[PDB]
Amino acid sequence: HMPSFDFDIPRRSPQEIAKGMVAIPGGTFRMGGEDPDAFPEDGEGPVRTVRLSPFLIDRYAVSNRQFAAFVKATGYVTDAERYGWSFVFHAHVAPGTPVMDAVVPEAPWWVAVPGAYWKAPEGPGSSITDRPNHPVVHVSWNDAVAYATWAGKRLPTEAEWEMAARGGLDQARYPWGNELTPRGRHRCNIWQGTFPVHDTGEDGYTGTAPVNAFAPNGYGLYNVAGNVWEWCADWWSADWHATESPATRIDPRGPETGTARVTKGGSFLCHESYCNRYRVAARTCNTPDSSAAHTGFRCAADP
């Protein structure tokens, strides 16, 4: 990918770039999943051994405070601002807010809201005054790449994301193990209740949570499962990675062309009765200029 920017890339030292990041040593891991209930269209399989070069990855998804500093320093205008609207979950749109009649096929819980963007995540009249340490949302893949490049970083590949999110466990279902709520404790921010009608908020949150909520995984990463979907560098496909080759098994970057970019980790809206996509092997995609109230990103870096 060859992005275009209207801001210069500032000079930063290795120590500055590495703050808030954990060093993932080079090595192998078992990527993918073989859950029998996985949607074939998602291409969670096959399980395969992948070798990665050492990399750094953010402990936290990028926060509102951090994104605001980027915008302040560069004047960056996000895709949602250019388009003039972004996707908001229906229950979070205040009554009377102007809304488009737009319909996401099969997902009527999404509302296209004029004026919804990272600083007004539910549309005009909303703000982030009480969410400085929440993940930034309404950021597209383009916006994420712009932030990351300004920060001296990049997006993780899907393999890098998954190795870091798995946190040193071999083929566990979640970042922390195989049980969703071990010892009865919530470990991530997803939906509880009856989707899309009523979120009980049992885990403490019916929207985004702070980026440092819940315990980290074994590598010190927070909210890799749940909270917000996280953009990765790769173009999406369901089957490129089924080939056995160096390109798909050593520092894999995904297919060279595509239409949507990979997103990982699930969000505060995910639920077993509908998508069951907060398992660490799960995966989906979105087109790169799209944005939504449940999607953000974390950065990676080459040491």
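When you see a residue number, it is the position in the sequence shown, counting from 1. Basically, rigid core = biggest C-alpha set you can superpose within 1.5 Å across the two forms.
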> Which stretch is less alike in 8 other deposited structures of this protein, 103-111 or 209-217, counting RMS CA distance after the rigid core is superposed?
Replying inline: 103-111
> Taking the recorded C-alpha temperature factors, which stretch has the higher mean, 79-87 or 223-231?
Replying inline: 79-87
> Where do the C-alpha atoms have the higher mean temperature factor in this entry, in 33-41 or in 246-254?
Replying inline: 33-41
> Based on what the PDB entry reports, which of 176, 117, 191, 161 has the top C-alpha B-factor?
Replying inline: 176
> Hey, out of 166, 183, 134, 138, whose CA B-factor is highest in the deposited coordinates?
Replying inline: 183
> Looking at the C-alpha B-factor of residue 74, is it in the lowest, middle or highest third of its chain?
Replying inline: highest
> Based on the entry's values, in what third of the chain does the Cα temperature factor of residue 274 lie: lowest, middle or highest?
Replying inline: middle
> What third of its chain, lowest, middle or highest, does the C-alpha temperature factor of residue 22 fall into?
Replying inline: highest
> Thinking about Cα B factors across the chain, which third does residue 154 belong to?
Replying inline: lowest
> If you rank every modelled residue in this chain by C-alpha B factor, which third holds residue 212: lowest, middle or highest?
Replying inline: middle
